[PDB]
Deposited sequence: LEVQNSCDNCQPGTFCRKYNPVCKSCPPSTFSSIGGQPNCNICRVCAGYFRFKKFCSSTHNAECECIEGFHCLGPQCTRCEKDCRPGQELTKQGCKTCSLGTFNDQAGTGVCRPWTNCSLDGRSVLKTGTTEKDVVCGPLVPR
């Protein structure tokens, strides 16, 4: 297919933020994937999106901010998880929660 051997047509080129997932051959077209530090945005991978910051998680529709009351301290990986509930643990709140940081509970009251 890169030399004219035509259903085979013209080969896709994977450059920049794209690299080759599957190389082109006589039987099939080349397939792209996103470079490390990036992920496919949409089902066909027409765009790449930068891996998510802390305070976000990777969904099927790209990076999304953690919903209020959840956090993700990891950069480029992990899931938004609920804040520690100090009250259920018999403790009080010493430092409040954020999208990036869990609540810090105090000593046993």
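Peer 1: If a residue lacks a C-alpha atom here, it counts as unmodelled; so which stretches of the deposited sequence fall into that category?
Peer 2: Unmodelled stretches, in sequence order: 1-25, 32-38, 142-143.
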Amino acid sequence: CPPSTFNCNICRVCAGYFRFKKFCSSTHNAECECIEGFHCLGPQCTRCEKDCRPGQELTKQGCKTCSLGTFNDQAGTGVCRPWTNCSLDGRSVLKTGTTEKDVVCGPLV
From here on, numbers count along this sequence of modelled residues.
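Peer 1: Output the stretch having the higher mean C-alpha B factor in the entry; the candidates are 22-30 and 53-61.
Peer 2: Comparing averages over the C-alpha atoms only gives 22-30.
Peer 1: State which stretch shows the higher mean Cα B factor in the entry: 95-103 or 10-18.
Peer 2: Looking at the record's C-alpha B-factors, the answer is 10-18.
Peer 1: For the listed 74, 84, 44, 70, which has the peak Cα B-factor recorded in the PDB entry?
Peer 2: Among 74, 84, 44, 70, the highest C-alpha B-factor in the entry belongs to 44.
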